[PDB]
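Below: one structure, written as structure tokens.
Chain identifiers are assigned alphabetically (A, B, ...) following the order of the sequence lines, protein sequences preceding nucleic acid strands; residue numbering begins at 1 within each chain. Heavy atoms only: backbone and side chains are in, while hydrogens, waters and symmetry mates are out.
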Amino acid sequence: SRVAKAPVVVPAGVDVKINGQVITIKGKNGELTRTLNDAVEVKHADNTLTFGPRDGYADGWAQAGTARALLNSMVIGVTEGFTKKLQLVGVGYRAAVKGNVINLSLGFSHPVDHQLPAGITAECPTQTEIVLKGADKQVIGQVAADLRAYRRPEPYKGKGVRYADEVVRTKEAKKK
Amino acid sequence: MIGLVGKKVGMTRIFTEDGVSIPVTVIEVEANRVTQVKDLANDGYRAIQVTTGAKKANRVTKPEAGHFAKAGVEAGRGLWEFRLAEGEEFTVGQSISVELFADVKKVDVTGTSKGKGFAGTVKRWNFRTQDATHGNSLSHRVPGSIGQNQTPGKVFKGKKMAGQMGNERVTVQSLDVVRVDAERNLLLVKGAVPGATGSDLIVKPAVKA
Amino acid sequence: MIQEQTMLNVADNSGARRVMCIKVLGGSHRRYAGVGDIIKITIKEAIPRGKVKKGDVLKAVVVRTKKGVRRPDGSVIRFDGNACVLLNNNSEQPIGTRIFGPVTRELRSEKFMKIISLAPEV
Amino acid sequence: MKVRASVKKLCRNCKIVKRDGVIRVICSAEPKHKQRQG
RNA sequence: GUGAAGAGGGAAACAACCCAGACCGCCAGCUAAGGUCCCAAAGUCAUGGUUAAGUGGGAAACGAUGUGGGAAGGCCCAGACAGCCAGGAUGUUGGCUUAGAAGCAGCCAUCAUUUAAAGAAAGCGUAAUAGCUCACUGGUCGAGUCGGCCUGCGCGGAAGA
RNA sequence: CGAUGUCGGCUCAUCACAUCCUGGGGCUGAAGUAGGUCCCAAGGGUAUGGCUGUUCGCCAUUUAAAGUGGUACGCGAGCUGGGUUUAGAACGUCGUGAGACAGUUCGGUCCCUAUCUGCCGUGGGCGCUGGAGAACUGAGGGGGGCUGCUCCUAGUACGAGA
RNA sequence: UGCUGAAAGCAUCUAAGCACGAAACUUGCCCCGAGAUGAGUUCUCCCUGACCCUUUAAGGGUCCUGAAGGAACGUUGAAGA
């Protein structure tokens, strides 16, 4: 509602196409196509993007608000992209990467292989830190969540895979 | 992949160099001749129909004689067909030998089990007999109770009772193939297979890989 | 084929001479013990000077069976009686100092080394 | 996770949420205040 | 009052519930209770609202930013509420039960300066300390926002062969 | 009440889930092994003996567990008859007595050739449209679904150590 | 358990959308199965002569031909009351 009433400025060099309710955006990373809710209408609004709820839908304002956030996310992604940093804490933890596959050893008896999806790049500047980049925020969050799910951090030593900018609660055995 | 039709020929054992003896069932798998090839266009599914053995000229009926003559295949006993796996093709009149089992290790054998006739619950469903003494009267091998009371008021379907035992097709799967002899048309498989001597068996590669 | 209530002879010299099997271990509803299965037994009559007295429950291992054992080539080994060796209920550890009579090689489980070593034959 | 029939804001950092028609309480400070049935 | 000693229609079936008291015949009409999408006779009828739960078509104490309406009330472009880079100090390690409670166990006052601004103290956390927040106070965007009462209809609570 | 045989045992079961084991999870005063509690889950599995008529219970030794209930406290036109509950007899107690006692002991006839429904098997008739002989697709239905221990990972992670 | 995400400038697994997630469910394994009257599909085999009648109808009657195949009978079976 309030967020919907805030057009987002489209920077130069970004192409926006409105095929009915489908939106295609092209920047410098790739083409991002998203299908939009039928309860929200969008016009080119040269130099800006505007969203309006069509009459006949009680939640029209809410759908506009989420739609505006999604469009901003894609605009930022195509313009610059999204990066996430993951840290591995624990003795004997490796995060080697090669090609389009991530190799991890989180103390399991067998190696862990993860197949990244298209449009996602992984880099390993250090053996324990891994940085992922992509054109959209939803996929990176999902991929990072999948990586984290392999070894959830535990609250006695903060081991496992953790996000670079999160706080992990720690506790100690009281008597035994 | 397709199977083959063979005849059970008794049982034997093979002595290995290390001493252990392997009980093997001997299956006579002579050349299997393809009589008809099915396709999705006509039959809606792809299969090959094969025949084996021989039949008396005066015993094969005219409808069967014409069916064989169309494929140019000598008349055999019975007909069986196997579904295809989409990875292989066959032509009418082609002969299939036991050599295709050279590279396999497990097979599934299907056949008709020996017929025990009308069998009691003790023999059929391993029911426990009642006491032979201590007052028992005419109830030594009787099934016992078959229902609860008025509340159900009936005997549930699928109840275990006396009846025909054996004489139905059963499959023994994951049998080790011990030896294949193409020139003599033999297939030694470790274990026992359903049916008596001289009964037709169907051998196909194990599906529970 | 040793089941509950079965009489067994004692191969060792722990002082027991006849024992009763009261349970077959190693599985629920297990029926009978094999060549080298652990069983729970009670001593029915022993040497007065022995270290094991009558009416005590302790584990045992079968070494000989009348039914016999089957070899991989089809051969079988049969004996004129059933014999066992006494144990300690916490660690297997046959308490006997010597064992009389032949013992089959089916007990070579990387563990019964003491039994086989003391065995006069095999 | 408490599955009690009554849900309350035990501490300041407790939020009431509705998910799949079920009223839950989520706490960002201590997991002990997380409870499902509301 | 009804049944017993009353058929008929309705409540799926159901003496005693609702409508209604069968003299006989009719391939005539109008109504009662109850009904009108199909089984199954008659409105997929008209107007204004509510419900998202298959509620309707079982069940309470109690719980909750479900949703509709009403009466108000506090703060609000001398610019509110939530956010954003900020501040949150000095004795008050207290006399007091000096074992340490120092604001975070209580006797106790509940003082006082810098002041755009702060209390001798609300939460988490230490044997007490320490430490991290919030009370409160600056600056940008910036317009509504906040907490209760009355209730309509819903959700959870809600497991049996 | 012109008759619905009422405790246990055996045989045979079937359903519910308020789950005993196995499976998936939250919290923990969860270091790890092992636990506590709650949520989801009924696919399968879910002891043998001594004493007593016993169910139950105590005891002995196993298992991953020896689940709780419904089904005429499931099941005697399927079996037994130990308890209780006819007639004999005795003990204690009550009564002058005949006799009585959820007081105790010894002994003591359990019928039925299955018409219908149901269920387990197996056939005849007709139909499916000119008739006949074969091989199939598959709607639909049923069966099966349990798990221990050892080794490697590793004596690794964890832990002051154990 | 989540990712993104407004309603409610924040937050939020949910309202739109996208992910995983159990011996439970559907399938996968084995068996029955077209009486599945919704009675299915494919292959092969056999029959292609004349007279009349009427209330001229998917009608009835007579002569000659009766094929494929089936049944029956016999010898029987590791099939079977």
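- Near RNA chain E, meaning a heavy atom under 4.0 Å away, there are no residues from residues 33-48 of chain B.
- Contact annotation: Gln37(D) side-chain N/O to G157(E) OP1/OP2 distance is under 4.0 Å.
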- How does each nucleotide of nucleotides 107-114 of chain F score, in 5' to 3' order, for protein heavy atoms under 4.0 Å: base (B), sugar-phosphate only (S), or none (-)? --------
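- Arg36(D) has no side-chain polar atom (N or O) that falls below the 4.0 Å cut-off from OP1 or OP2 of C27(F).
- Within residues 51-70 of chain B, no residue has any heavy atom under 4.0 Å from RNA chain E.
- Not a single donor-acceptor contact under 3.5 angstrom links the side-chain atoms of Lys154(B) to the base of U117(F).
- Between the side chain of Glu81(B) and the base of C136(F) there is no donor-acceptor pair of N/O atoms closer than 3.5 Å.
- A heavy atom closer than 4.0 Å to some atom of RNA chain F occurs in no member of residues 141-154 of chain A.
- Using a 4.5 Å cut-off on side-chain heavy atoms (C-beta onward), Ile76(A) and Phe82(A) make contact.
- Under 4.0 angstrom from either OP1 or OP2 of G123(E) there lies no side-chain N or O belonging to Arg12(D).
- In this model, the phosphate group of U62(F) is approached by a side-chain N or O of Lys40(C) to a distance below 4.0 Å at OP1 or OP2.
- A donor and an acceptor atom, one from each side chain of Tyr156(A) and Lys171(A), are located under 3.5 Å apart.
- For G17(G), neither phosphate oxygen OP1 nor OP2 lies less than 4.0 angstrom from any side-chain nitrogen or oxygen of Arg34(A).
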- Message: For nucleotides 140-147 of chain E, give me one character per nucleotide, 5' to 3': B if any protein heavy atom sits under 4.0 Å from the base, S if the only such contacts are to the sugar-phosphate, - if neither.
- Response: ----SS--
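- Note on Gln173(B): only backbone sugar-phosphate atoms sit closer than 4.0 angstrom, heavy atoms only; bases stay farther off.
- Taking the nucleotide of RNA chain F with the nearest heavy atom to each of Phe108(A) and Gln150(B), the more 5' of the two is matched to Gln150(B).
- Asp200(B) places no side-chain N or O within 3.5 Å of a backbone atom of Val5(B) that could act as its donor or acceptor partner.
- Side chains of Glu64(B) and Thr61(B): a donor-acceptor N/O pair is present below 3.5 angstrom, by distance only.
- Checking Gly26(C) against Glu4(C), the closest nucleotide of RNA chain F that is more toward the 5' end is the one next to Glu4(C).
- A heavy atom closer than 4.0 Å to some atom of RNA chain F occurs in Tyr156(A), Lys157(A), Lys159(A), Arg169(A), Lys171(A), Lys176(A), these being the qualifying members of residues 156-176 of chain A.
- Taking only side-chain nitrogens and oxygens, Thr171(B) comes nearer than 4.0 Å to OP1 or OP2 of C31(G).
- Regarding contacts with the backbone of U137(F), a side-chain N or O of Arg83(B) is found under 4.0 angstrom from either OP1 or OP2.
- Side-chain N/O atoms of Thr151(B) and base N/O atoms of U71(F) include no donor-acceptor pair closer than 3.5 Å.
- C25(G) and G40(G) make neither a Watson-Crick nor a G-U wobble pair with both donor-acceptor distances under 3.5 Å.
- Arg30(C) and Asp37(C) are joined by a salt bridge, as a carboxylate oxygen and a charged side-chain nitrogen come within less than 4.0 angstrom of each other.
- When each of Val22(D) and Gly38(D) is assigned the nucleotide of RNA chain E with its nearest heavy atom, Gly38(D) is the one assigned upstream, toward the 5' end.
- The pentose of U37(G) belongs to the south class of puckers. Its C1'-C2'-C3'-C4' angle has a negative sign.
- For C53(G) and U54(G), a centre-to-centre distance below 5.5 angstrom and a plane angle below 30 degrees are both found for the six-membered base rings.
- Look at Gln138(A) and you won't find any side-chain N or O under 4.0 angstrom from OP1 or OP2 of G5(G).
- With 3.5 Å as the limit, one finds a donor-acceptor pair spanning the side chains of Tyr45(B) and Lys38(B).
- Between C32(G) and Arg169(B), a contact under 4.0 Å exists linking OP1 or OP2 to a side-chain N or O.
- In this model, no side-chain donor or acceptor of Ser28(C) finds a partner on the base of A64(F) within 3.5 Å.
- For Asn136(B), no side-chain nitrogen or oxygen approaches OP1 or OP2 of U80(F) to under 4.0 Å.
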